[PDB]
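A.B. asks: Sending over upload_24.txt (compact mmCIF, C-alpha atoms).
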```txt
# COMPACT_ATOMS: atom_id res chain seq x y z
CA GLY N 304 144.86 129.90 81.88
CA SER N 305 141.40 128.58 81.05
CA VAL N 306 139.91 125.38 82.41
CA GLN N 307 136.86 123.51 81.14
CA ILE N 308 134.85 120.69 82.70
CA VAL N 309 131.93 119.00 80.98
CA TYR N 310 130.40 116.60 83.50
CA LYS N 311 127.81 114.76 81.42
CA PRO N 312 126.60 111.40 82.78
CA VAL N 313 123.81 109.62 80.94
CA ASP N 314 121.65 107.04 82.71
CA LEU N 315 119.07 104.70 81.16
CA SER N 316 119.18 101.92 83.73
CA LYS N 317 116.35 99.58 84.69
CA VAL N 318 116.01 97.97 88.12
CA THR N 319 113.12 95.62 87.49
CA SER N 320 111.34 92.97 89.55
CA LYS N 321 108.50 90.72 88.38
CA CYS N 322 107.13 88.32 91.05
CA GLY N 323 104.06 86.26 90.04
CA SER N 324 103.05 85.33 93.63
CA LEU N 325 104.49 85.66 97.19
CA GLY N 326 102.82 83.71 100.05
CA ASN N 327 103.02 81.53 103.22
CA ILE N 328 105.73 83.68 104.92
CA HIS N 329 105.61 82.25 108.47
CA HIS N 330 107.58 83.79 111.31
CA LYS N 331 107.20 82.08 114.70
CA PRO N 332 110.17 82.43 117.06
CA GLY N 333 109.92 80.86 120.48
CA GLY N 334 111.32 83.75 122.48
CA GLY N 335 113.88 83.53 125.27
CA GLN N 336 115.00 85.33 128.38
CA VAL N 337 117.57 88.12 128.46
CA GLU N 338 119.41 88.90 131.69
CA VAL N 339 121.79 91.86 131.73
CA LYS N 340 123.63 92.93 134.89
CA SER N 341 125.65 96.13 135.15
CA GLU N 342 126.55 98.84 137.68
CA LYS N 343 126.99 102.16 135.74
CA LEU N 344 126.33 103.36 132.13
CA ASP N 345 128.68 106.33 131.40
CA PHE N 346 128.17 107.23 127.72
CA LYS N 347 129.87 109.90 125.60
CA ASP N 348 130.49 111.64 122.27
CA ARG N 349 128.63 109.40 119.75
CA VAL N 350 127.00 106.28 121.20
CA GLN N 351 124.40 104.07 119.52
CA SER N 352 123.79 101.44 122.18
CA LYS N 353 121.11 98.80 122.66
CA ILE N 354 120.96 96.83 125.91
CA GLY N 355 118.50 93.97 126.13
CA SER N 356 116.31 93.23 123.14
CA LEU N 357 114.02 90.76 121.38
CA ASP N 358 113.42 92.34 117.99
CA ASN N 359 111.24 90.63 115.40
CA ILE N 360 111.21 92.19 111.94
CA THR N 361 109.10 90.81 109.11
CA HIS N 362 109.89 92.60 105.86
CA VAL N 363 108.06 91.44 102.73
CA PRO N 364 108.43 94.04 99.92
CA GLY N 365 106.80 92.44 96.92
CA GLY N 366 109.58 94.23 95.08
CA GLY N 367 112.34 95.80 97.12
CA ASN N 368 114.48 97.22 94.37
CA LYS N 369 116.92 99.84 95.62
CA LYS N 370 119.15 102.13 93.57
CA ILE N 371 121.73 104.35 95.26
CA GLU N 372 123.54 106.85 93.07
CA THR N 373 126.00 109.52 94.18
CA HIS N 374 127.61 112.26 92.10
CA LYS N 375 130.31 114.65 93.25
CA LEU N 376 132.46 117.33 91.63
CA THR N 377 135.19 119.05 93.63
CA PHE N 378 137.15 122.09 92.46
CA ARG N 379 140.03 123.79 94.24
CA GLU N 380 142.76 126.20 93.22
CA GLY G 304 147.80 126.62 79.86
CA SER G 305 144.34 125.28 79.09
CA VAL G 306 142.87 122.10 80.51
CA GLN G 307 139.81 120.19 79.31
CA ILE G 308 137.83 117.38 80.93
CA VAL G 309 134.89 115.66 79.27
CA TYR G 310 133.42 113.29 81.84
CA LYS G 311 130.80 111.41 79.81
CA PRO G 312 129.63 108.07 81.23
CA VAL G 313 126.82 106.25 79.45
CA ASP G 314 124.69 103.68 81.28
CA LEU G 315 122.10 101.32 79.79
CA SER G 316 122.25 98.57 82.40
CA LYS G 317 119.45 96.23 83.42
CA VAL G 318 119.16 94.67 86.87
CA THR G 319 116.27 92.29 86.32
CA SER G 320 114.53 89.66 88.43
CA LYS G 321 111.68 87.38 87.32
CA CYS G 322 110.36 85.01 90.04
CA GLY G 323 107.29 82.93 89.09
CA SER G 324 106.33 82.04 92.71
CA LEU G 325 107.81 82.42 96.25
CA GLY G 326 106.19 80.50 99.15
CA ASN G 327 106.44 78.36 102.35
CA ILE G 328 109.17 80.54 103.98
CA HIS G 329 109.10 79.15 107.55
CA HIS G 330 111.10 80.73 110.35
CA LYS G 331 110.77 79.07 113.76
CA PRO G 332 113.77 79.45 116.08
CA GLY G 333 113.57 77.92 119.52
CA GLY G 334 114.99 80.85 121.47
CA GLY G 335 117.59 80.67 124.22
CA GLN G 336 118.74 82.51 127.30
CA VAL G 337 121.30 85.31 127.31
CA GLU G 338 123.18 86.13 130.50
CA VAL G 339 125.55 89.11 130.48
CA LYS G 340 127.43 90.22 133.59
CA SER G 341 129.44 93.43 133.79
CA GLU G 342 130.36 96.18 136.27
CA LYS G 343 130.76 99.47 134.29
CA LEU G 344 130.05 100.63 130.67
CA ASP G 345 132.38 103.59 129.87
CA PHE G 346 131.81 104.45 126.19
CA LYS G 347 133.47 107.10 124.02
CA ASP G 348 134.04 108.79 120.66
CA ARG G 349 132.16 106.53 118.20
CA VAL G 350 130.56 103.41 119.70
CA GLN G 351 127.95 101.17 118.08
CA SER G 352 127.38 98.58 120.78
CA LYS G 353 124.72 95.94 121.34
CA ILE G 354 124.63 94.00 124.61
CA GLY G 355 122.18 91.14 124.89
CA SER G 356 119.95 90.34 121.94
CA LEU G 357 117.64 87.85 120.25
CA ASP G 358 116.99 89.39 116.84
CA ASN G 359 114.78 87.64 114.31
CA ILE G 360 114.70 89.16 110.83
CA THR G 361 112.56 87.73 108.04
CA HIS G 362 113.30 89.48 104.76
CA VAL G 363 111.43 88.28 101.67
CA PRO G 364 111.75 90.84 98.83
CA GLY G 365 110.09 89.21 95.86
CA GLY G 366 112.84 90.98 93.96
CA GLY G 367 115.63 92.59 95.95
CA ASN G 368 117.72 93.99 93.15
CA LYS G 369 120.17 96.63 94.34
CA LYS G 370 122.35 98.90 92.23
CA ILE G 371 124.95 101.15 93.86
CA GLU G 372 126.72 103.63 91.61
CA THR G 373 129.18 106.32 92.66
CA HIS G 374 130.76 109.04 90.53
CA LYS G 375 133.46 111.45 91.61
CA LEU G 376 135.58 114.12 89.93
CA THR G 377 138.32 115.88 91.87
CA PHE G 378 140.26 118.91 90.64
CA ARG G 379 143.16 120.64 92.36
CA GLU G 380 145.87 123.06 91.27
CA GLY C 304 150.72 123.33 77.88
CA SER C 305 147.25 121.97 77.17
CA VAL C 306 145.82 118.79 78.65
CA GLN C 307 142.75 116.86 77.51
CA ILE C 308 140.80 114.07 79.19
CA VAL C 309 137.85 112.31 77.59
CA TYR C 310 136.41 109.97 80.20
CA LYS C 311 133.78 108.05 78.23
CA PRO C 312 132.63 104.72 79.71
CA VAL C 313 129.81 102.88 77.98
CA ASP C 314 127.72 100.32 79.87
CA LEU C 315 125.12 97.93 78.44
CA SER C 316 125.31 95.22 81.08
CA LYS C 317 122.53 92.87 82.16
CA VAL C 318 122.29 91.35 85.64
CA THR C 319 119.41 88.96 85.15
CA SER C 320 117.70 86.35 87.31
CA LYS C 321 114.85 84.05 86.27
CA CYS C 322 113.57 81.70 89.03
CA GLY C 323 110.49 79.60 88.15
CA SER C 324 109.59 78.75 91.79
CA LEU C 325 111.12 79.17 95.30
CA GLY C 326 109.54 77.28 98.25
CA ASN C 327 109.84 75.18 101.47
CA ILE C 328 112.58 77.39 103.04
CA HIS C 329 112.56 76.04 106.62
CA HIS C 330 114.59 77.66 109.38
CA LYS C 331 114.31 76.04 112.81
CA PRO C 332 117.34 76.46 115.09
CA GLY C 333 117.19 74.97 118.55
CA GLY C 334 118.63 77.92 120.44
CA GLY C 335 121.26 77.78 123.16
CA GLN C 336 122.44 79.67 126.20
CA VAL C 337 124.99 82.48 126.15
CA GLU C 338 126.91 83.34 129.30
CA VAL C 339 129.27 86.33 129.22
CA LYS C 340 131.18 87.48 132.29
CA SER C 341 133.19 90.70 132.43
CA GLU C 342 134.13 93.48 134.86
CA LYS C 343 134.49 96.76 132.84
CA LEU C 344 133.73 97.86 129.22
CA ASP C 345 136.04 100.83 128.35
CA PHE C 346 135.42 101.64 124.67
CA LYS C 347 137.04 104.27 122.45
CA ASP C 348 137.55 105.93 119.06
CA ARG C 349 135.65 103.62 116.65
CA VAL C 350 134.09 100.52 118.21
CA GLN C 351 131.46 98.26 116.65
CA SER C 352 130.94 95.69 119.39
CA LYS C 353 128.30 93.04 120.01
CA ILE C 354 128.25 91.15 123.30
CA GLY C 355 125.82 88.28 123.65
CA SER C 356 123.55 87.44 120.74
CA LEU C 357 121.24 84.92 119.11
CA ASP C 358 120.54 86.41 115.69
CA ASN C 359 118.30 84.63 113.21
CA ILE C 360 118.17 86.11 109.71
CA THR C 361 115.99 84.64 106.97
CA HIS C 362 116.69 86.36 103.66
CA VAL C 363 114.78 85.11 100.61
CA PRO C 364 115.06 87.64 97.73
CA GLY C 365 113.36 85.97 94.81
CA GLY C 366 116.08 87.73 92.85
CA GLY C 367 118.88 89.37 94.79
CA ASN C 368 120.94 90.74 91.94
CA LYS C 369 123.39 93.40 93.06
CA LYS C 370 125.54 95.66 90.91
CA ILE C 371 128.15 97.94 92.47
CA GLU C 372 129.88 100.40 90.17
CA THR C 373 132.35 103.11 91.16
CA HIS C 374 133.88 105.81 88.98
CA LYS C 375 136.59 108.25 89.99
CA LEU C 376 138.68 110.90 88.26
CA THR C 377 141.44 112.70 90.13
CA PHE C 378 143.35 115.72 88.85
CA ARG C 379 146.26 117.48 90.51
CA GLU C 380 148.95 119.89 89.35
CA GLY X 304 153.62 120.05 75.87
CA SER X 305 150.15 118.67 75.22
CA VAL X 306 148.75 115.51 76.75
CA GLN X 307 145.67 113.55 75.68
CA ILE X 308 143.76 110.77 77.42
CA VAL X 309 140.79 108.98 75.87
CA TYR X 310 139.40 106.66 78.53
CA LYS X 311 136.75 104.71 76.62
CA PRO X 312 135.64 101.39 78.15
CA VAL X 313 132.81 99.52 76.48
CA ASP X 314 130.75 96.98 78.42
CA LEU X 315 128.14 94.55 77.06
CA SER X 316 128.38 91.87 79.73
CA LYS X 317 125.63 89.53 80.87
CA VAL X 318 125.44 88.05 84.37
CA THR X 319 122.56 85.64 83.94
CA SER X 320 120.89 83.05 86.16
CA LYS X 321 118.04 80.72 85.19
CA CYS X 322 116.81 78.41 87.99
CA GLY X 323 113.73 76.28 87.17
CA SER X 324 112.87 75.46 90.83
CA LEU X 325 114.44 75.93 94.32
CA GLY X 326 112.91 74.07 97.31
CA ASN X 327 113.26 72.01 100.55
CA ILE X 328 116.01 74.25 102.06
CA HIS X 329 116.05 72.95 105.66
CA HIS X 330 118.11 74.61 108.37
CA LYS X 331 117.88 73.02 111.82
CA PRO X 332 120.94 73.48 114.06
CA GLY X 333 120.84 72.03 117.53
CA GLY X 334 122.29 75.01 119.37
CA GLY X 335 124.95 74.92 122.06
CA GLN X 336 126.17 76.84 125.06
CA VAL X 337 128.70 79.67 124.94
CA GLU X 338 130.66 80.57 128.06
CA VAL X 339 133.00 83.57 127.91
CA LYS X 340 134.95 84.77 130.95
CA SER X 341 136.94 87.99 131.02
CA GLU X 342 137.90 90.81 133.41
CA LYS X 343 138.22 94.06 131.34
CA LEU X 344 137.41 95.12 127.72
CA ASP X 345 139.69 98.09 126.79
CA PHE X 346 139.02 98.85 123.11
CA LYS X 347 140.60 101.46 120.83
CA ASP X 348 141.07 103.09 117.41
CA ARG X 349 139.14 100.74 115.06
CA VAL X 350 137.61 97.65 116.68
CA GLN X 351 134.97 95.36 115.18
CA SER X 352 134.50 92.82 117.95
CA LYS X 353 131.88 90.17 118.64
CA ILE X 354 131.89 88.31 121.95
CA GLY X 355 129.47 85.44 122.37
CA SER X 356 127.17 84.56 119.50
CA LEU X 357 124.85 82.01 117.92
CA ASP X 358 124.09 83.46 114.50
CA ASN X 359 121.83 81.63 112.07
CA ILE X 360 121.65 83.07 108.55
CA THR X 361 119.44 81.56 105.86
CA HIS X 362 120.09 83.24 102.52
CA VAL X 363 118.15 81.95 99.51
CA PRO X 364 118.38 84.45 96.60
CA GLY X 365 116.65 82.73 93.72
CA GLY X 366 119.33 84.49 91.71
CA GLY X 367 122.16 86.16 93.58
CA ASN X 368 124.17 87.50 90.70
CA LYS X 369 126.63 90.19 91.76
CA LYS X 370 128.74 92.43 89.54
CA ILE X 371 131.35 94.74 91.05
CA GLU X 372 133.04 97.18 88.70
CA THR X 373 135.51 99.91 89.62
CA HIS X 374 137.01 102.59 87.39
CA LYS X 375 139.72 105.06 88.34
CA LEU X 376 141.77 107.70 86.55
CA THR X 377 144.55 109.53 88.37
CA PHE X 378 146.43 112.54 87.02
CA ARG X 379 149.35 114.34 88.62
CA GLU X 380 152.01 116.74 87.40
CA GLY E 304 156.54 116.76 73.90
CA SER E 305 153.06 115.36 73.32
CA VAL E 306 151.70 112.21 74.90
CA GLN E 307 148.62 110.22 73.88
CA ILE E 308 146.74 107.45 75.68
CA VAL E 309 143.76 105.64 74.19
CA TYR E 310 142.42 103.34 76.89
CA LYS E 311 139.75 101.36 75.03
CA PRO E 312 138.67 98.06 76.62
CA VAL E 313 135.82 96.15 75.00
CA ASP E 314 133.80 93.62 77.00
CA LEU E 315 131.19 91.17 75.70
CA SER E 316 131.47 88.52 78.39
CA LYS E 317 128.74 86.18 79.60
CA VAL E 318 128.60 84.74 83.11
CA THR E 319 125.72 82.31 82.75
CA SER E 320 124.10 79.74 85.02
CA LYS E 321 121.25 77.39 84.11
CA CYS E 322 120.06 75.10 86.95
CA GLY E 323 116.98 72.95 86.20
CA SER E 324 116.17 72.18 89.87
CA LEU E 325 117.79 72.69 93.34
CA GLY E 326 116.30 70.86 96.36
CA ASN E 327 116.70 68.83 99.62
CA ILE E 328 119.46 71.10 101.07
CA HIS E 329 119.54 69.84 104.69
CA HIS E 330 121.63 71.54 107.35
CA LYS E 331 121.45 69.99 110.83
CA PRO E 332 124.54 70.49 113.02
CA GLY E 333 124.49 69.08 116.51
CA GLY E 334 125.95 72.08 118.30
CA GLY E 335 128.65 72.03 120.95
CA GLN E 336 129.89 73.99 123.92
CA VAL E 337 132.41 76.82 123.73
CA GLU E 338 134.41 77.78 126.82
CA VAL E 339 136.73 80.78 126.61
CA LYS E 340 138.71 82.02 129.61
CA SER E 341 140.69 85.25 129.61
CA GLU E 342 141.67 88.10 131.96
CA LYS E 343 141.95 91.33 129.85
CA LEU E 344 141.09 92.35 126.23
CA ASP E 345 143.35 95.31 125.24
CA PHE E 346 142.63 96.03 121.55
CA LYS E 347 144.17 98.62 119.23
CA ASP E 348 144.58 100.21 115.79
CA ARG E 349 142.64 97.83 113.48
CA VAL E 350 141.14 94.76 115.15
CA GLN E 351 138.50 92.43 113.72
CA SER E 352 138.07 89.93 116.53
CA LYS E 353 135.47 87.27 117.27
CA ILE E 354 135.52 85.45 120.61
CA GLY E 355 133.12 82.57 121.08
CA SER E 356 130.79 81.65 118.26
CA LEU E 357 128.46 79.07 116.74
CA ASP E 358 127.66 80.48 113.31
CA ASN E 359 125.37 78.62 110.92
CA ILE E 360 125.14 80.02 107.40
CA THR E 361 122.91 78.47 104.75
CA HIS E 362 123.50 80.12 101.38
CA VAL E 363 121.53 78.78 98.41
CA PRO E 364 121.71 81.25 95.47
CA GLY E 365 119.96 79.49 92.63
CA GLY E 366 122.61 81.23 90.57
CA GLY E 367 125.45 82.94 92.39
CA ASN E 368 127.42 84.26 89.46
CA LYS E 369 129.87 86.97 90.46
CA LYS E 370 131.95 89.19 88.20
CA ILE E 371 134.57 91.53 89.65
CA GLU E 372 136.22 93.95 87.25
CA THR E 373 138.69 96.70 88.11
CA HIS E 374 140.15 99.37 85.82
CA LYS E 375 142.86 101.85 86.72
CA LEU E 376 144.88 104.48 84.86
CA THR E 377 147.67 106.34 86.63
CA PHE E 378 149.52 109.35 85.23
CA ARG E 379 152.45 111.17 86.77
CA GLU E 380 155.09 113.57 85.49
```
As structure tokens, how would this structure be written, given the file I've shared?
C.D. replies:
Amino acid sequence: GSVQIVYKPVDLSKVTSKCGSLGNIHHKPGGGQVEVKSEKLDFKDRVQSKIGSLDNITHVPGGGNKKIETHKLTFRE
Amino acid sequence: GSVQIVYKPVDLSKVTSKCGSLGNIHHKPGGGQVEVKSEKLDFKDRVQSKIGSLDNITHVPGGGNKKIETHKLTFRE
Amino acid sequence: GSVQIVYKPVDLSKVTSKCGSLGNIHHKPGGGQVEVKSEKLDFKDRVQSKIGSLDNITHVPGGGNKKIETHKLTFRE
Amino acid sequence: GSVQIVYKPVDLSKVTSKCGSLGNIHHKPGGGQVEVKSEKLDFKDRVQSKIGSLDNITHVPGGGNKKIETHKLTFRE
Amino acid sequence: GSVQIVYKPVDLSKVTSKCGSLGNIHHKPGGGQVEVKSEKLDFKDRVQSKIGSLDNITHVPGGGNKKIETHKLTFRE
């Protein structure tokens, strides 16, 4: 027997930002010690480690509009 | 026998931000010590670890409008 | 026998923010010690650990409008 | 025998924020010690742990309007 | 025999906030000690633990209007 699939998505979205002014973003951490003690580091199959860190991230987009879209069609028989 | 699928989504959304001014974002942590003691670090199949950290994230979008959309069609027989 | 599916969603939503001014966001933690004692760290199949941390996150969107939408059609026989 | 499905949702929603001014958001914790004692950390199938933490999150959207929508159609025979 | 389903929801909702001014949000905890003593940490199938914590969350939306909607159609035979 026949089958029919019409996969027809229509998109007219708007992801809009309007910022008149952005200013005076201060970022002054004091910073502290990190002391890590260990003996061995046996790692395996999938490891995303991080041992000992002082990260400082300043992220000022002036418009950081994201849009994630995901389409999928699966056919079996 | 026949089958028919008409997958027809229509989208006219608006994700809108309007910020006249953004300012004076201060970020001043004092910072403290971190002391970690261990003997061994045996890791395996999927590990997302983090041992010892002072992270400082300043995130000022000026419009941080997200929009996550996900479509899926599954056909079996 | 025949089957018919008309999957027709219509969307005209609005996710709207209007902020005249955003200011004076102060963020000044004092910061304290962290002392962790252990002997071994045997991890396995899915682990999302975090041992010892002073995180400081400042998040000022100026409009942080999210919109999560999820469509799904499943067909079996 | 025939079947028919007309899945027709109509959406004209509005998720609206209007904030004239946002200001003077102060965030000054004093910070305290954390002392954790253990011997072993055997983890398994799905673990989302966190051992020892001083998190400080400042979240000022200026409009934080969320909208979660979820559609699903399931067909079996 | 035939079947027919017309799934036709209509939505014209409004989730509206109007805040003239938001200000002077002070957040100053004093902070205290945490002492945790243990011997072993055997975890298993689904664990969402948290051992030892001083979390400080400041959340000022300026409009935090949520709207959760969930549609479902199930067909069996």
A.B. asks: Find, counting all atoms listed in the file, the residue in C:305, C:377, C:361, C:356 that gets nearest to residue 335 in chain N.
C.D. replies: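 Of all the options, C:356 lies closest to residue 335 in chain N.
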A.B. asks: Figure out the distance between CA of residue 369 in chain N and CA of residue 321 in chain C, please, to one decimal in Å.
C.D. replies: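 Computing the Euclidean distance for CA of residue 321 in chain C and CA of residue 369 in chain N yields 18.5 Å.
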A.B. asks: Per residue of chain E within 12 Å of range 325-331 of chain C, which atom pair is closest and at what distance in Å (one decimal), using all atoms listed in the file, listed by chain and increasing number, as CSV?
C.D. replies:
```
residue,atom,partner,partner_atom,distance
E:324,CA,C:325,CA,10.2
E:325,CA,C:325,CA,9.5
E:326,CA,C:327,CA,9.3
E:327,CA,C:327,CA,9.5
E:328,CA,C:328,CA,9.5
E:329,CA,C:329,CA,9.5
E:330,CA,C:330,CA,9.5
E:331,CA,C:331,CA,9.6
E:332,CA,C:331,CA,11.6
E:359,CA,C:330,CA,10.9
E:360,CA,C:330,CA,11.0
E:361,CA,C:330,CA,9.6
E:362,CA,C:328,CA,11.4
E:363,CA,C:328,CA,10.2
E:364,CA,C:325,CA,10.8
E:365,CA,C:325,CA,9.2
```
A.B. asks: Residue 320 in chain E: which residues within 7 Å, counting only C-alpha atoms, same-chain residues fewer than 4 positions away excluded, as a CSV table (one decimal) with C-alpha atoms, keeping the file's coordinate frame?
C.D. replies:
```
chain,number,residue,atom,x,y,z
X,319,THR,CA,122.6,85.6,83.9
X,320,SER,CA,120.9,83.0,86.2
X,321,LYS,CA,118.0,80.7,85.2
E,366,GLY,CA,122.6,81.2,90.6
```
A.B. asks: Let's have chain C fitted on chain N; use all the C-alpha atoms paired in order for the least-squares step and return it as a CSV table (one decimal) with C-alpha atoms, keeping the file's coordinate frame.
C.D. replies:
```
chain,number,residue,atom,x,y,z
C,304,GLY,CA,144.9,129.9,81.9
C,305,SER,CA,141.4,128.6,81.0
C,306,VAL,CA,139.9,125.4,82.4
C,307,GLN,CA,136.9,123.5,81.1
C,308,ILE,CA,134.8,120.7,82.7
C,309,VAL,CA,131.9,119.0,81.0
C,310,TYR,CA,130.4,116.6,83.5
C,311,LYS,CA,127.8,114.8,81.4
C,312,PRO,CA,126.6,111.4,82.8
C,313,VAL,CA,123.8,109.6,80.9
C,314,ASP,CA,121.7,107.0,82.7
C,315,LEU,CA,119.1,104.7,81.2
C,316,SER,CA,119.2,101.9,83.7
C,317,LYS,CA,116.3,99.6,84.7
C,318,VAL,CA,116.0,98.0,88.1
C,319,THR,CA,113.1,95.6,87.5
C,320,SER,CA,111.3,93.0,89.5
C,321,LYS,CA,108.5,90.7,88.4
C,322,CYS,CA,107.1,88.3,91.0
C,323,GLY,CA,104.1,86.3,90.0
C,324,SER,CA,103.1,85.3,93.6
C,325,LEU,CA,104.5,85.7,97.2
C,326,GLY,CA,102.8,83.7,100.0
C,327,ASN,CA,103.0,81.5,103.2
C,328,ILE,CA,105.7,83.7,104.9
C,329,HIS,CA,105.6,82.2,108.5
C,330,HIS,CA,107.6,83.8,111.3
C,331,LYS,CA,107.2,82.1,114.7
C,332,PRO,CA,110.2,82.4,117.1
C,333,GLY,CA,109.9,80.9,120.5
C,334,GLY,CA,111.3,83.8,122.5
C,335,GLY,CA,113.9,83.5,125.3
C,336,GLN,CA,115.0,85.3,128.4
C,337,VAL,CA,117.6,88.1,128.5
C,338,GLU,CA,119.4,88.9,131.7
C,339,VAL,CA,121.8,91.9,131.7
C,340,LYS,CA,123.6,92.9,134.9
C,341,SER,CA,125.7,96.1,135.2
C,342,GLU,CA,126.6,98.8,137.7
C,343,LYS,CA,127.0,102.2,135.7
C,344,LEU,CA,126.3,103.4,132.1
C,345,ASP,CA,128.7,106.3,131.4
C,346,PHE,CA,128.2,107.2,127.7
C,347,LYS,CA,129.9,109.9,125.6
C,348,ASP,CA,130.5,111.6,122.3
C,349,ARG,CA,128.6,109.4,119.8
C,350,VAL,CA,127.0,106.3,121.2
C,351,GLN,CA,124.4,104.1,119.5
C,352,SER,CA,123.8,101.4,122.2
C,353,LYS,CA,121.1,98.8,122.7
C,354,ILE,CA,121.0,96.8,125.9
C,355,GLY,CA,118.5,94.0,126.1
C,356,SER,CA,116.3,93.2,123.1
C,357,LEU,CA,114.0,90.8,121.4
C,358,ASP,CA,113.4,92.3,118.0
C,359,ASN,CA,111.2,90.6,115.4
C,360,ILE,CA,111.2,92.2,111.9
C,361,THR,CA,109.1,90.8,109.1
C,362,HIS,CA,109.9,92.6,105.9
C,363,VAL,CA,108.1,91.4,102.7
C,364,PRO,CA,108.4,94.0,99.9
C,365,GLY,CA,106.8,92.4,96.9
C,366,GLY,CA,109.6,94.2,95.1
C,367,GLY,CA,112.3,95.8,97.1
C,368,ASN,CA,114.5,97.2,94.4
C,369,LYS,CA,116.9,99.8,95.6
C,370,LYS,CA,119.1,102.1,93.6
C,371,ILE,CA,121.7,104.4,95.3
C,372,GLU,CA,123.5,106.9,93.1
C,373,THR,CA,126.0,109.5,94.2
C,374,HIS,CA,127.6,112.3,92.1
C,375,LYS,CA,130.3,114.7,93.2
C,376,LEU,CA,132.5,117.3,91.6
C,377,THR,CA,135.2,119.1,93.6
C,378,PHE,CA,137.2,122.1,92.5
C,379,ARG,CA,140.0,123.8,94.2
C,380,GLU,CA,142.8,126.2,93.2
```
A.B. asks: Applying 7 Å and all atoms listed in the file, which residues near range 311-313 of chain C remain after dropping the ones on its own chain fewer than 5 positions away? List them as a list in words.
C.D. replies: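 Skipping anything fewer than 5 positions along the chain leaves residues 310, 311, 312, 313 and 314 of chain G; 310, 311, 312, 313 and 314 of chain X.
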A.B. asks: Compile the contact shell of residue 354 in chain C as an MDAnalysis selection string: residues with an atom at most 10 Å away, counting all atoms listed in the file, same-chain residues fewer than 2 positions apart removed.
C.D. replies: (chainID N and resid 354) or (chainID G and resid 337 339 352:356) or (chainID C and resid 337:339 352 356) or (chainID X and resid 352:356) or (chainID E and resid 354)
A.B. asks: Neighbours of residue 306 in chain X within 9 Å (all atoms listed in the file; same-chain residues fewer than 6 positions away dropped), as a list in words?
C.D. replies: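 My reading of the contact set: residues 304, 305, 306, 307 and 308 of chain C; 304, 305, 306, 307 and 308 of chain E.
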A.B. asks: Quick one: everything within 8 Å of residue 341 in chain E, counting only C-alpha atoms, minus sequence neighbours fewer than 5 positions away in the same chain. Send it as a PyMOL selection string.
C.D. replies: chain X and resi 340-342
A.B. asks: So the first atom is CA of residue 373 in chain X and the second is CA of residue 317 in chain X; what is the distance between them in Å, to one decimal place?
C.D. replies: 16.8 Å
A.B. asks: Just how far from CA of residue 349 in chain C is CA of residue 348 in chain X, in Å to one decimal?
C.D. replies: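 Taking CA of residue 348 in chain X and CA of residue 349 in chain C, their separation equals 5.5 Å.
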A.B. asks: Quick one: 6 Å padding each side, axis-aligned, all listed atoms of range 329-341 of chain G - centre and edge lengths in Å to one decimal, as JSON?
C.D. replies:
```
{"center_x": 119.3, "center_y": 85.7, "center_z": 120.7, "size_x": 32.3, "size_y": 27.5, "size_z": 38.2}
```
